[PDB]
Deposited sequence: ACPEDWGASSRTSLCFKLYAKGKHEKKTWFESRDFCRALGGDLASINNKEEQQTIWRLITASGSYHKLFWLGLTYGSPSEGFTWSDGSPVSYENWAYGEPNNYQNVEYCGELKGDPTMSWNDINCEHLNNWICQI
């Protein structure tokens, strides 16, 4: 059972699309989700991707960018999820991750129907999604 305000399919997810001045870095977003007892959202299969897409449609958060729990590990690991669990299912956008200019070590979701991922600099301010 998920809490009533969390979207379910299982993992539970919640969108945080806040004011223009209330976005957070990847690390700030991770700390926020962990303070709730959860973490930044991981997308581990097509069912979880659909759960989050339907959360986006229900909110009207179209076109927005969201932090996911994607973080680059060691060179041999590549991207992992924020709790260290491995990236198995992937939905990177075309050409991604491209580590553009060698400074992109966190992952963001483009919240449109493609639900694609991009690596981006971790100090960008974005919306975020938590899991619990």
> Which parts of the deposited chain sequence are absent from the coordinates, listed in sequence order?
Replying inline: 10-12
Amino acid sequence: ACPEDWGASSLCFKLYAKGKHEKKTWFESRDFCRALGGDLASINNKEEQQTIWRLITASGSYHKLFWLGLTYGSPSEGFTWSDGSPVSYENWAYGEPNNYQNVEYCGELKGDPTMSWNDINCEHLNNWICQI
From here on, numbers count along this sequence of modelled residues.
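So that the term is clear: the rigid core is the largest set of C-alpha atoms that superpose within 1.5 Å between two forms.
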> Do you reckon 59-67 or 97-105 strays further from the shown form in 8 other deposited structures of this protein, measuring C-alpha RMS after a core fit?
Replying inline: 97-105
> What stretch shows more C-alpha movement in 8 other deposited structures of this protein relative to this form, 115-123 or 14-22, after the core is superposed?
Replying inline: 14-22
>> Quick check: 96-104 versus 60-68, which has the larger average CA B-factor in the record?
In response: 60-68
> What stretch has the higher average Cα B-factor here, 105-113 or 20-28?
Replying inline: 20-28
> Looking at 50, 85, 42, 91, which has the biggest Cα B factor in the entry?
Replying inline: 85
> Comparing residue 125 with the other modelled residues of its chain, is its CA B-factor in the lowest, middle or highest third?
Replying inline: middle
